[PDB]
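Engineer: So here's data_0.cif, just mmCIF, C-alpha atoms and all ligand atoms:
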data_start
loop_
_atom_site.label_atom_id
_atom_site.label_comp_id
_atom_site.auth_asym_id
_atom_site.auth_seq_id
_atom_site.Cartn_x
_atom_site.Cartn_y
_atom_site.Cartn_z
CA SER A 1 29.14 -1.71 31.88
CA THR A 2 25.64 -0.36 31.33
CA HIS A 3 26.98 3.04 30.23
CA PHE A 4 27.18 4.11 26.56
CA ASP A 5 28.02 7.30 24.67
CA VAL A 6 24.53 7.32 23.10
CA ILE A 7 21.32 5.38 23.67
CA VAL A 8 18.79 5.21 20.82
CA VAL A 9 15.31 4.40 22.05
CA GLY A 10 13.30 2.97 19.19
CA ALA A 11 15.51 1.17 16.69
CA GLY A 12 13.24 1.30 13.64
CA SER A 13 13.46 3.39 10.49
CA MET A 14 15.04 6.48 12.05
CA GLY A 15 16.70 4.92 15.09
CA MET A 16 18.46 2.07 13.34
CA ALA A 17 19.80 4.51 10.75
CA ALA A 18 21.03 6.81 13.55
CA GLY A 19 22.69 3.83 15.24
CA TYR A 20 24.57 3.01 12.04
CA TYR A 21 25.83 6.60 11.46
CA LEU A 22 26.91 6.78 15.14
CA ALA A 23 28.54 3.37 15.34
CA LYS A 24 30.47 3.81 12.06
CA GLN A 25 32.27 6.85 13.49
CA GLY A 26 33.23 4.92 16.66
CA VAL A 27 30.46 6.24 18.94
CA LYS A 28 29.65 3.62 21.58
CA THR A 29 25.96 3.05 21.05
CA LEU A 30 23.09 1.14 22.58
CA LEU A 31 19.95 0.60 20.50
CA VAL A 32 16.86 -0.47 22.45
CA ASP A 33 13.65 -1.74 20.89
CA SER A 34 10.34 -3.15 22.09
CA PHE A 35 10.51 -5.79 19.36
CA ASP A 36 13.16 -7.32 17.03
CA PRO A 37 13.73 -4.94 14.05
CA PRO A 38 12.75 -5.08 11.33
CA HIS A 39 9.36 -6.31 12.63
CA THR A 40 5.64 -5.93 11.84
CA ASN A 41 4.43 -3.88 14.83
CA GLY A 42 5.58 -0.41 13.80
CA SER A 43 5.70 1.71 10.68
CA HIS A 44 8.42 0.10 8.49
CA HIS A 45 7.00 -3.23 7.18
CA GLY A 46 5.04 -4.04 4.00
CA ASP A 47 8.35 -4.61 2.17
CA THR A 48 8.58 -1.45 0.00
CA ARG A 49 8.60 2.35 0.28
CA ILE A 50 8.63 5.10 -2.39
CA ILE A 51 11.41 7.64 -2.59
CA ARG A 52 10.83 10.64 -4.83
CA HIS A 53 12.48 14.05 -5.14
CA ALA A 54 9.89 16.48 -6.64
CA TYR A 55 8.62 17.33 -3.22
CA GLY A 56 5.98 20.02 -3.28
CA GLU A 57 5.40 20.02 0.50
CA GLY A 58 8.28 22.49 0.94
CA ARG A 59 11.64 23.55 -0.54
CA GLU A 60 13.64 22.13 2.39
CA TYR A 61 12.48 18.57 1.65
CA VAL A 62 14.29 18.59 -1.71
CA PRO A 63 17.95 18.75 -0.56
CA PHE A 64 16.91 16.40 2.29
CA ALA A 65 15.67 13.84 -0.31
CA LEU A 66 18.74 14.34 -2.51
CA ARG A 67 21.04 13.65 0.43
CA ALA A 68 18.88 10.68 1.46
CA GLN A 69 19.27 9.18 -2.01
CA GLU A 70 23.07 9.64 -1.90
CA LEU A 71 23.07 7.79 1.43
CA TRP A 72 20.88 4.97 0.11
CA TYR A 73 23.27 4.41 -2.80
CA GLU A 74 26.14 4.27 -0.31
CA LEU A 75 24.24 1.69 1.80
CA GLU A 76 23.56 -0.43 -1.34
CA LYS A 77 27.37 -0.66 -1.79
CA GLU A 78 28.01 -1.79 1.77
CA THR A 79 25.49 -4.64 2.19
CA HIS A 80 24.40 -7.80 0.37
CA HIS A 81 20.70 -6.91 0.93
CA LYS A 82 18.85 -5.14 -1.88
CA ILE A 83 18.21 -1.52 -0.92
CA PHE A 84 16.88 0.40 -3.93
CA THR A 85 15.42 -0.23 -7.38
CA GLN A 86 14.84 2.64 -9.83
CA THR A 87 11.23 2.03 -10.88
CA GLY A 88 10.51 5.71 -11.38
CA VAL A 89 7.51 7.33 -9.76
CA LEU A 90 4.33 8.35 -11.56
CA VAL A 91 2.13 11.10 -10.12
CA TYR A 92 -1.21 11.91 -11.76
CA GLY A 93 -4.51 13.60 -11.10
CA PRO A 94 -7.27 15.74 -12.61
CA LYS A 95 -6.07 18.80 -14.59
CA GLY A 96 -6.65 21.95 -12.53
CA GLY A 97 -7.96 19.85 -9.62
CA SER A 98 -5.03 18.35 -7.73
CA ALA A 99 -2.90 20.51 -5.47
CA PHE A 100 -0.58 17.51 -5.11
CA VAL A 101 0.06 17.11 -8.87
CA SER A 102 0.50 20.88 -9.36
CA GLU A 103 2.91 21.19 -6.45
CA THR A 104 4.91 18.21 -7.78
CA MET A 105 5.20 19.65 -11.29
CA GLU A 106 6.22 23.05 -9.94
CA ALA A 107 8.82 21.38 -7.69
CA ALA A 108 10.27 19.44 -10.63
CA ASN A 109 10.63 22.72 -12.59
CA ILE A 110 12.02 24.86 -9.73
CA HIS A 111 14.66 22.26 -8.76
CA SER A 112 15.53 21.19 -12.33
CA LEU A 113 14.68 17.49 -11.83
CA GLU A 114 14.47 15.11 -14.78
CA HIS A 115 10.83 14.42 -15.59
CA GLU A 116 8.29 13.73 -18.32
CA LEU A 117 4.72 14.99 -18.69
CA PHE A 118 1.73 13.03 -19.99
CA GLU A 119 -1.92 13.91 -20.60
CA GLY A 120 -4.79 11.42 -20.72
CA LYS A 121 -4.34 8.55 -23.20
CA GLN A 122 -0.61 9.24 -23.43
CA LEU A 123 -0.30 7.51 -20.00
CA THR A 124 -1.83 4.26 -21.27
CA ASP A 125 0.32 4.39 -24.45
CA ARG A 126 3.39 4.36 -22.18
CA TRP A 127 2.02 1.87 -19.60
CA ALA A 128 -0.80 -0.41 -20.78
CA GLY A 129 -1.87 -1.29 -17.25
CA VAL A 130 -2.92 2.24 -16.27
CA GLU A 131 -5.96 4.12 -17.58
CA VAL A 132 -7.03 7.61 -16.68
CA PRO A 133 -9.73 9.97 -17.96
CA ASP A 134 -8.79 12.32 -20.82
CA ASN A 135 -8.73 15.32 -18.42
CA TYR A 136 -5.96 13.80 -16.24
CA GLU A 137 -2.35 14.95 -16.35
CA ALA A 138 0.77 13.25 -15.04
CA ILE A 139 4.40 13.76 -14.23
CA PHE A 140 6.92 10.89 -14.23
CA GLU A 141 10.20 11.14 -12.30
CA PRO A 142 12.40 8.41 -13.90
CA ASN A 143 15.30 8.68 -11.35
CA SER A 144 13.28 7.95 -8.25
CA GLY A 145 12.05 4.54 -7.12
CA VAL A 146 11.50 2.00 -4.39
CA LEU A 147 13.33 1.18 -1.17
CA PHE A 148 13.13 -2.24 0.39
CA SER A 149 12.44 -0.87 3.87
CA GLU A 150 12.89 -3.99 5.95
CA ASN A 151 16.18 -4.68 4.14
CA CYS A 152 17.30 -1.12 4.89
CA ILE A 153 16.79 -1.57 8.61
CA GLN A 154 18.33 -5.05 8.64
CA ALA A 155 21.40 -3.77 6.78
CA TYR A 156 21.83 -0.79 9.12
CA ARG A 157 21.52 -3.16 12.10
CA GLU A 158 24.04 -5.71 10.80
CA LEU A 159 26.53 -2.99 9.90
CA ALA A 160 25.99 -1.10 13.17
CA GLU A 161 26.53 -4.25 15.27
CA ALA A 162 29.67 -5.16 13.31
CA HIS A 163 30.95 -1.63 14.11
CA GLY A 164 30.35 -2.22 17.84
CA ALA A 165 26.72 -1.21 18.45
CA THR A 166 24.76 -3.16 21.06
CA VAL A 167 21.15 -3.96 20.24
CA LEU A 168 18.64 -4.86 22.93
CA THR A 169 15.43 -6.43 21.59
CA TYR A 170 12.06 -7.16 23.26
CA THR A 171 12.95 -4.44 25.78
CA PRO A 172 10.42 -1.56 25.90
CA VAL A 173 11.67 1.56 27.65
CA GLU A 174 9.17 2.45 30.40
CA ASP A 175 10.62 5.80 31.53
CA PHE A 176 13.37 8.37 31.03
CA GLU A 177 15.35 10.34 33.62
CA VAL A 178 17.49 12.97 31.98
CA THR A 179 19.96 15.64 32.98
CA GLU A 180 22.46 17.51 30.77
CA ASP A 181 25.25 15.23 32.06
CA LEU A 182 23.53 11.84 32.19
CA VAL A 183 20.66 10.06 30.43
CA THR A 184 19.03 7.08 32.18
CA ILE A 185 16.46 4.77 30.64
CA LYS A 186 14.35 2.45 32.77
CA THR A 187 13.22 -0.94 31.47
CA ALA A 188 11.63 -4.04 33.06
CA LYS A 189 14.95 -5.92 33.24
CA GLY A 190 17.01 -2.90 34.40
CA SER A 191 18.44 0.54 33.68
CA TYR A 192 21.08 1.86 31.25
CA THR A 193 22.82 5.21 31.02
CA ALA A 194 24.48 7.33 28.40
CA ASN A 195 25.82 10.79 27.64
CA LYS A 196 23.21 11.45 24.94
CA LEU A 197 19.78 10.18 23.96
CA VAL A 198 18.05 9.76 20.61
CA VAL A 199 14.28 9.23 20.87
CA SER A 200 12.64 7.68 17.82
CA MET A 201 9.70 5.54 19.00
CA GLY A 202 7.47 5.96 15.94
CA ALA A 203 3.76 5.74 16.82
CA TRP A 204 4.72 5.33 20.48
CA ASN A 205 6.21 8.84 20.53
CA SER A 206 2.53 9.87 20.87
CA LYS A 207 2.29 8.09 24.25
CA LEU A 208 5.79 8.26 25.74
CA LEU A 209 7.26 11.69 24.84
CA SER A 210 5.33 12.98 27.91
CA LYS A 211 7.95 11.06 29.99
CA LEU A 212 10.49 13.66 28.75
CA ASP A 213 7.95 16.48 29.36
CA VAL A 214 7.55 17.14 25.63
CA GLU A 215 3.90 17.72 24.72
CA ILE A 216 3.21 17.92 20.98
CA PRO A 217 0.23 16.94 18.82
CA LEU A 218 0.92 13.47 17.41
CA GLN A 219 -1.85 11.17 16.17
CA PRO A 220 -1.27 7.54 15.14
CA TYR A 221 -3.37 6.18 12.25
CA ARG A 222 -3.94 2.61 11.11
CA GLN A 223 -2.96 2.39 7.44
CA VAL A 224 -3.36 -0.81 5.44
CA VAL A 225 -1.82 -2.01 2.21
CA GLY A 226 -2.91 -4.87 -0.03
CA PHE A 227 -1.01 -7.03 -2.53
CA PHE A 228 -3.07 -8.11 -5.56
CA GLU A 229 -2.51 -10.81 -8.16
CA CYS A 230 -2.00 -9.10 -11.49
CA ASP A 231 -0.98 -9.50 -15.11
CA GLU A 232 2.83 -9.53 -14.75
CA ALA A 233 3.25 -8.52 -18.41
CA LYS A 234 1.70 -5.17 -17.55
CA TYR A 235 2.43 -4.68 -13.78
CA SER A 236 5.84 -6.29 -13.05
CA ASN A 237 8.94 -4.24 -12.34
CA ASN A 238 10.44 -6.34 -15.16
CA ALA A 239 7.88 -4.75 -17.49
CA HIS A 240 8.93 -1.30 -16.15
CA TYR A 241 5.62 -0.53 -14.48
CA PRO A 242 6.30 2.47 -12.21
CA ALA A 243 5.67 3.07 -8.54
CA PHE A 244 2.91 5.67 -8.18
CA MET A 245 1.36 8.27 -5.95
CA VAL A 246 -1.80 9.77 -7.38
CA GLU A 247 -4.75 12.00 -6.52
CA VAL A 248 -8.18 10.85 -7.62
CA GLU A 249 -11.79 11.81 -6.71
CA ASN A 250 -11.62 10.40 -3.15
CA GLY A 251 -8.03 11.40 -2.42
CA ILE A 252 -4.53 9.95 -2.62
CA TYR A 253 -3.46 6.40 -3.41
CA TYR A 254 0.07 5.01 -3.73
CA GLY A 255 1.50 1.76 -5.02
CA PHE A 256 4.21 -0.42 -6.42
CA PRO A 257 4.89 -2.71 -9.38
CA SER A 258 5.03 -6.42 -8.60
CA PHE A 259 8.48 -7.75 -7.58
CA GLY A 260 9.13 -11.48 -7.92
CA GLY A 261 5.41 -12.21 -8.15
CA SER A 262 4.56 -10.37 -4.92
CA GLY A 263 1.61 -8.81 -6.76
CA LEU A 264 0.82 -5.11 -7.10
CA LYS A 265 0.90 -3.37 -3.71
CA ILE A 266 -1.49 -0.45 -3.12
CA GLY A 267 -2.49 1.77 -0.19
CA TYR A 268 -5.06 4.51 0.39
CA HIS A 269 -3.29 7.50 1.96
CA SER A 270 -6.29 9.79 2.62
CA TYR A 271 -8.05 7.73 5.25
CA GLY A 272 -7.10 5.56 8.19
CA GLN A 273 -8.43 4.76 11.67
CA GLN A 274 -7.23 6.90 14.60
CA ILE A 275 -5.63 4.40 16.97
CA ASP A 276 -3.52 3.72 20.05
CA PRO A 277 -0.42 1.67 19.03
CA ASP A 278 -0.81 -0.73 22.00
CA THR A 279 -4.39 -1.73 21.01
CA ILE A 280 -4.37 -1.42 17.18
CA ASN A 281 -5.94 -4.32 15.28
CA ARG A 282 -3.16 -5.60 13.00
CA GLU A 283 -5.34 -7.97 10.95
CA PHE A 284 -6.03 -6.86 7.40
CA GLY A 285 -9.78 -7.20 6.78
CA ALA A 286 -10.76 -6.46 10.40
CA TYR A 287 -12.47 -3.39 8.91
CA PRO A 288 -14.45 -3.51 5.63
CA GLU A 289 -12.70 -0.34 4.40
CA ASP A 290 -9.36 -2.24 4.22
CA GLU A 291 -10.05 -4.12 0.97
CA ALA A 292 -12.92 -2.02 -0.34
CA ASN A 293 -11.04 1.25 -0.70
CA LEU A 294 -8.24 -0.47 -2.65
CA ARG A 295 -10.51 -2.27 -5.09
CA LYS A 296 -12.50 0.90 -5.84
CA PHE A 297 -9.26 2.40 -7.18
CA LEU A 298 -7.98 -0.68 -9.02
CA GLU A 299 -11.20 -1.45 -10.91
CA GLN A 300 -11.18 2.10 -12.35
CA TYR A 301 -7.47 2.95 -12.92
CA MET A 302 -5.58 -0.35 -12.95
CA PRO A 303 -8.29 -2.89 -13.85
CA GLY A 304 -5.90 -5.72 -14.74
CA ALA A 305 -4.53 -5.56 -11.19
CA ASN A 306 -7.89 -6.02 -9.45
CA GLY A 307 -7.22 -9.72 -8.88
CA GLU A 308 -6.93 -12.03 -5.89
CA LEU A 309 -5.99 -10.34 -2.59
CA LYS A 310 -2.80 -12.33 -1.94
CA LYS A 311 -2.04 -10.67 1.37
CA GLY A 312 -2.40 -7.48 3.38
CA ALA A 313 -0.43 -5.54 5.98
CA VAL A 314 -1.39 -3.12 8.75
CA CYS A 315 1.01 -0.31 9.43
CA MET A 316 0.89 3.08 11.24
CA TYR A 317 1.37 6.71 10.31
CA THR A 318 2.06 9.25 13.07
CA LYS A 319 0.75 12.64 11.98
CA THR A 320 1.45 16.18 13.12
CA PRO A 321 -1.14 18.87 12.31
CA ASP A 322 0.98 20.34 9.47
CA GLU A 323 2.28 16.89 8.36
CA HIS A 324 5.87 18.12 8.69
CA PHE A 325 8.35 16.11 10.65
CA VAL A 326 9.74 16.83 14.11
CA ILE A 327 13.52 16.63 14.23
CA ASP A 328 15.13 18.68 16.97
CA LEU A 329 16.90 18.81 20.28
CA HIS A 330 14.87 18.83 23.47
CA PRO A 331 14.40 22.51 24.49
CA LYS A 332 15.78 21.87 28.06
CA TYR A 333 18.31 19.08 27.38
CA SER A 334 20.81 19.70 24.57
CA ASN A 335 21.91 16.03 24.85
CA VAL A 336 18.49 14.67 23.77
CA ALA A 337 17.51 14.50 20.07
CA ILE A 338 13.95 13.67 18.99
CA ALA A 339 12.62 12.33 15.65
CA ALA A 340 8.82 12.12 15.46
CA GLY A 341 5.73 12.80 13.43
CA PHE A 342 6.77 11.51 10.03
CA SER A 343 3.15 11.77 8.86
CA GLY A 344 3.26 8.79 6.51
CA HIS A 345 6.09 10.10 4.31
CA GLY A 346 9.27 9.68 6.38
CA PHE A 347 10.86 6.42 5.22
CA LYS A 348 12.55 7.83 2.11
CA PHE A 349 14.38 10.28 4.41
CA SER A 350 15.32 7.77 7.10
CA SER A 351 18.93 7.64 5.90
CA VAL A 352 19.44 11.44 6.12
CA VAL A 353 17.36 11.64 9.34
CA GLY A 354 19.73 9.03 10.79
CA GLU A 355 22.71 11.13 9.72
CA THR A 356 21.09 14.28 11.15
CA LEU A 357 20.34 12.55 14.50
CA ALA A 358 23.94 11.33 14.73
CA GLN A 359 25.19 14.90 14.12
CA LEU A 360 22.75 16.35 16.68
CA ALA A 361 23.67 13.74 19.34
CA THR A 362 27.36 14.08 18.68
CA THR A 363 27.83 17.88 18.04
CA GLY A 364 24.52 19.54 19.08
CA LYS A 365 23.97 20.80 15.51
CA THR A 366 23.59 19.58 11.92
CA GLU A 367 24.73 20.67 8.45
CA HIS A 368 21.24 19.97 7.12
CA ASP A 369 18.35 22.44 7.02
CA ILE A 370 15.80 21.17 9.55
CA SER A 371 14.23 24.61 10.23
CA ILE A 372 10.71 23.47 9.26
CA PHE A 373 10.92 20.44 11.57
CA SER A 374 11.45 22.37 14.82
CA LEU A 375 9.66 21.60 18.09
CA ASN A 376 9.02 25.31 18.79
CA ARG A 377 6.97 25.96 15.63
CA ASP A 378 3.47 27.42 15.81
CA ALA A 379 1.66 24.35 14.42
CA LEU A 380 2.79 22.29 17.42
CA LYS A 381 1.66 24.82 20.07
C1 LIG A 401 2.80 2.50 7.54
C2 LIG A 401 2.96 3.27 6.26
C3 LIG A 401 4.03 4.15 6.21
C4 LIG A 401 4.58 4.55 5.01
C5 LIG A 401 4.08 4.05 3.80
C6 LIG A 401 2.97 3.21 3.83
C7 LIG A 401 2.45 2.78 5.05
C8 LIG A 401 1.41 1.71 5.01
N1 LIG A 401 4.59 4.46 2.59
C9 LIG A 401 5.69 5.30 2.55
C10 LIG A 401 6.29 5.66 1.35
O1 LIG A 401 6.11 5.01 0.31
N2 LIG A 401 7.38 6.53 1.37
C11 LIG A 401 7.87 7.02 2.56
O2 LIG A 401 8.84 7.78 2.52
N3 LIG A 401 7.28 6.65 3.76
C12 LIG A 401 6.19 5.80 3.77
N4 LIG A 401 5.63 5.44 4.98
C13 LIG A 401 5.97 6.24 6.20
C14 LIG A 401 7.21 5.67 6.87
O3 LIG A 401 7.17 4.25 6.81
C15 LIG A 401 7.31 6.17 8.30
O4 LIG A 401 7.28 7.60 8.28
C16 LIG A 401 8.59 5.71 8.99
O5 LIG A 401 8.75 4.31 8.95
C17 LIG A 401 8.56 6.10 10.48
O6 LIG A 401 9.78 5.72 11.04
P1 LIG A 401 9.98 5.61 12.64
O7 LIG A 401 11.40 5.23 12.93
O8 LIG A 401 9.48 6.92 13.14
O9 LIG A 401 8.97 4.44 13.11
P2 LIG A 401 9.29 2.88 13.25
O10 LIG A 401 10.01 2.43 12.04
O11 LIG A 401 7.96 2.15 13.55
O12 LIG A 401 10.31 2.73 14.46
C18 LIG A 401 9.86 2.94 15.79
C19 LIG A 401 10.52 1.91 16.65
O13 LIG A 401 10.39 2.25 18.03
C20 LIG A 401 10.12 1.08 18.74
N5 LIG A 401 9.53 1.46 20.04
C21 LIG A 401 8.29 1.99 20.29
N6 LIG A 401 8.17 2.22 21.63
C22 LIG A 401 9.31 1.85 22.24
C23 LIG A 401 9.71 1.86 23.58
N7 LIG A 401 8.92 2.26 24.59
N8 LIG A 401 10.97 1.39 23.85
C24 LIG A 401 11.82 0.93 22.87
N9 LIG A 401 11.42 0.93 21.55
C25 LIG A 401 10.18 1.38 21.25
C26 LIG A 401 9.26 0.23 17.80
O14 LIG A 401 9.27 -1.13 18.17
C27 LIG A 401 9.90 0.52 16.44
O15 LIG A 401 10.90 -0.40 16.08
CL CL A 402 4.75 7.96 9.88
#
Written as structure tokens, that's how I'd like the structure from this file.
Structural biologist:
Amino acid sequence: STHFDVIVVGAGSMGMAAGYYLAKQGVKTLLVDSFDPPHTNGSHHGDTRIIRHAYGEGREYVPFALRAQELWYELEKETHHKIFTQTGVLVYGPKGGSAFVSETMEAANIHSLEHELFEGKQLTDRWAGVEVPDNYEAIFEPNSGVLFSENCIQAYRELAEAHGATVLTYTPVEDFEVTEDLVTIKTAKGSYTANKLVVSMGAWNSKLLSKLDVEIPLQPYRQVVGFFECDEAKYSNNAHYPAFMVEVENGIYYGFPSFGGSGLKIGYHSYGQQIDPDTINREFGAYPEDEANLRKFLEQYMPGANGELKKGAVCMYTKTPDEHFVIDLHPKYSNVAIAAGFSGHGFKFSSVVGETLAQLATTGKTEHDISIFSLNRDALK
């Protein structure tokens, strides 16, 4: 049979999670992907992702993150793959000059999250490998940390398939035909139907959501990360060097302690190239900005980590104008759920988004507050 209860189109961060939460409750599921997840053509590779809880971008993100973390700890117990390590997350920036730092500190206070404050040289006294100007301030969230993103997806896939999920790889969906009774997807090697549809195509949502007659502002961006050889005594996870997300003079950078000699991983969040996901150049170094922007940060703030570029990765964000997610039912078809526009900060929530999508596909509603992620909101018109 080519009929399923639910088809998930795009089996990456959000879709593979949805497939797991569906399949584990006995929902007959088909997961369809253009590639073989986890892979290096979407938004989930580069090994590691930050999860943090002191989310200043809006109050609704906080219970979403707290649920996500509960779900990650549950996944850790079910698989042999490593899911999460509690590095803590350091946020810093200029005193009275970083909306991001201020909003984080306020969030940590409002929601009563465990944290510690540092000013200036106090940062370096805690972690030798970081140096900031005297007028910088910082907040450290010790309970947050790092997800091994490719492991997360692989674990969800293995568990979903063992529960009965069917996974179709190297099979791009070319079109959708939907009614309220029947969902049909068209591919090169044939068609499949279901009762319900979950659409979670990452950067390709920006090209293919038009096939469901949904028109929203989504812009893919090419975002690189580099791994640098570094003094392990200062920058290893074994030395308790934290993951970080910081605001400096030219914007926001994020990074990770070295794990097993991977080197320190760093990305520049505040710039990337506007791209089409079918023609993006996935070679690190293809643009001179790739390495240059990373070294400018390291030589100033983490000078002992400004070593050999061991490797690089090219990844994509998909941004909405307000940088809030889109998680909703299709306005015409109550049997179609859409997850899009994660704006470079969606991985940490992929567990709870998966759970939400499974609830939406299965019941038409969710217990979680997704009010700020709606399709009908003014920023998307
Ligand atoms: C790239 C980036 C993102 C990022 C990050 C650093 C970089 C360099 N750092 C993060 C961080 O530390 N903390 C965090 O919470 N998120 C961070 N991110 C953002 C995050 O990775 C993304 O928001 C998230 O991965 C997006 O998930 P999504 O599920 O939306 O995207 P995907 O994993 O790429 O999955 C999409 C899948 O769909 C398949 N596809 C595409 N088109 C089709 C068609 N036509 N048919 C079938 N399948 C399709 C893709 O192949 C992919 O598997
Ligand atoms: Cl994204």
Engineer: Of the candidates A:108, A:262, A:249, A:72, which shows the shortest atom-to-atom distance to residue A:136, using all atoms listed in the file?
Structural biologist: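 Of all the options, A:249 lies closest to residue A:136.
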Engineer: Any idea what the distance is between atom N1 of ligand LIG 401 (chain A) and atom CA of residue A:266?
Structural biologist: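 Rounded to one decimal, the two atoms are 9.7 Å apart.
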Engineer: Please report the interatomic distance between atom CA of residue A:362 and atom CA of residue A:60 in Å with one decimal.
Structural biologist: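 Between atom CA of residue A:362 and atom CA of residue A:60 the gap works out to 22.8 Å.
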Engineer: Counting only C-alpha atoms, what is within 9 Å of residue A:290, bar same-chain residues fewer than 3 positions away, as a ChimeraX atom specification?
Structural biologist: /A:223-226,268,284-287,293-294,312
Engineer: Quick one, how far is atom CA of residue A:30 from atom CA of residue A:7?
Structural biologist: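 According to the coordinates, atom CA of residue A:30 and atom CA of residue A:7 are separated by 4.7 Å.
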Engineer: Any idea what's packed within 12 Å of residue A:198, counting all atoms listed in the file, ignoring anything in its chain fewer than 2 positions away? Could you give it as a PyMOL selection string?
Structural biologist: chain A and resi 5-12+14-19+22+29-32+176+178+183-185+194-196+200-201+205+209+212+327-330+333-340+353-362+364
Engineer: Enumerate as a PyMOL selection string the residues within 12 Å of ligand CL 402 (chain A), counting all atoms listed in the file.
Structural biologist: chain A and resi 12-14+42-45+49+200-206+218-223+269+315-320+323-326+339-350
Engineer: Would you please work out which residue, of A:63, A:26, A:272, A:56, is nearest to ligand LIG 401 (chain A) when using all atoms listed in the file?
Structural biologist: A:272
Engineer: When you look at residue A:142 with a cut-off of 12 Å (counting only C-alpha atoms), what residues show up, excluding the ones that are within fewer than 4 positions of it in the same chain? I need them as a compact mmCIF listing (two decimals) with C-alpha atoms, in the coordinates of the input.
Structural biologist:
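File written: part-v4.txt
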# COMPACT_ATOMS: atom_id res chain seq x y z
CA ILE A 51 11.41 7.64 -2.59
CA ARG A 52 10.83 10.64 -4.83
CA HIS A 53 12.48 14.05 -5.14
CA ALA A 54 9.89 16.48 -6.64
CA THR A 85 15.42 -0.23 -7.38
CA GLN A 86 14.84 2.64 -9.83
CA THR A 87 11.23 2.03 -10.88
CA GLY A 88 10.51 5.71 -11.38
CA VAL A 89 7.51 7.33 -9.76
CA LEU A 90 4.33 8.35 -11.56
CA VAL A 91 2.13 11.10 -10.12
CA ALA A 108 10.27 19.44 -10.63
CA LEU A 113 14.68 17.49 -11.83
CA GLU A 114 14.47 15.11 -14.78
CA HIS A 115 10.83 14.42 -15.59
CA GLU A 116 8.29 13.73 -18.32
CA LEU A 117 4.72 14.99 -18.69
CA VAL A 146 11.50 2.00 -4.39
CA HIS A 240 8.93 -1.30 -16.15
CA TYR A 241 5.62 -0.53 -14.48
CA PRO A 242 6.30 2.47 -12.21
CA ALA A 243 5.67 3.07 -8.54
CA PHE A 244 2.91 5.67 -8.18
Engineer: Measuring between all atoms listed in the file, which one of A:304, A:145, A:261, A:37 shows the shortest distance to residue A:50?
Structural biologist: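 Ranking A:304, A:145, A:261, A:37 by distance to residue A:50, first place goes to A:145.
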Engineer: Just checking: using all atoms listed in the file, which residue out of A:238, A:143, A:109, A:270 ends up closest to ligand LIG 401 (chain A)?
Structural biologist: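 Using all atoms listed in the file, ligand LIG 401 (chain A) sits closest to A:270.
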Engineer: Kindly add N, CA, C and O atoms to the incomplete stretch 339-347 of chain A and provide the output as a PDB file, in the frame of the given file.
Structural biologist:
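Listing of out_35.pdb after writing:
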ATOM      1  N   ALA A 339      13.138  12.505  17.011  1.00  0.00           N
ATOM      2  CA  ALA A 339      12.620  12.330  15.650  1.00  0.00           C
ATOM      3  C   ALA A 339      11.216  11.746  15.745  1.00  0.00           C
ATOM      4  O   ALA A 339      11.039  10.648  16.241  1.00  0.00           O
ATOM      5  N   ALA A 340      10.221  12.504  15.302  1.00  0.00           N
ATOM      6  CA  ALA A 340       8.820  12.120  15.460  1.00  0.00           C
ATOM      7  C   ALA A 340       7.960  12.698  14.361  1.00  0.00           C
ATOM      8  O   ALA A 340       8.372  13.594  13.634  1.00  0.00           O
ATOM      9  N   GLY A 341       6.748  12.169  14.245  1.00  0.00           N
ATOM     10  CA  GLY A 341       5.730  12.800  13.430  1.00  0.00           C
ATOM     11  C   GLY A 341       5.956  12.761  11.935  1.00  0.00           C
ATOM     12  O   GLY A 341       5.692  13.712  11.249  1.00  0.00           O
ATOM     13  N   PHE A 342       6.410  11.623  11.426  1.00  0.00           N
ATOM     14  CA  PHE A 342       6.770  11.510  10.030  1.00  0.00           C
ATOM     15  C   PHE A 342       5.594  11.459   9.053  1.00  0.00           C
ATOM     16  O   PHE A 342       5.796  11.491   7.872  1.00  0.00           O
ATOM     17  N   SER A 343       4.381  11.443   9.589  1.00  0.00           N
ATOM     18  CA  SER A 343       3.150  11.770   8.860  1.00  0.00           C
ATOM     19  C   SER A 343       2.940  10.969   7.582  1.00  0.00           C
ATOM     20  O   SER A 343       2.363  11.464   6.612  1.00  0.00           O
ATOM     21  N   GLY A 344       3.414   9.725   7.605  1.00  0.00           N
ATOM     22  CA  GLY A 344       3.260   8.790   6.510  1.00  0.00           C
ATOM     23  C   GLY A 344       4.144   9.037   5.299  1.00  0.00           C
ATOM     24  O   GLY A 344       3.887   8.457   4.228  1.00  0.00           O
ATOM     25  N   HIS A 345       5.185   9.867   5.434  1.00  0.00           N
ATOM     26  CA  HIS A 345       6.090  10.100   4.310  1.00  0.00           C
ATOM     27  C   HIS A 345       7.576  10.218   4.711  1.00  0.00           C
ATOM     28  O   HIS A 345       8.367  10.830   4.003  1.00  0.00           O
ATOM     29  N   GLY A 346       7.933   9.562   5.814  1.00  0.00           N
ATOM     30  CA  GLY A 346       9.270   9.680   6.380  1.00  0.00           C
ATOM     31  C   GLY A 346      10.283   8.625   5.956  1.00  0.00           C
ATOM     32  O   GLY A 346      11.481   8.856   6.069  1.00  0.00           O
ATOM     33  N   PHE A 347       9.855   7.479   5.432  1.00  0.00           N
ATOM     34  CA  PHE A 347      10.860   6.420   5.220  1.00  0.00           C
ATOM     35  C   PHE A 347      11.961   6.808   4.241  1.00  0.00           C
ATOM     36  O   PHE A 347      13.134   6.514   4.472  1.00  0.00           O
TER      37      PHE A 347
END
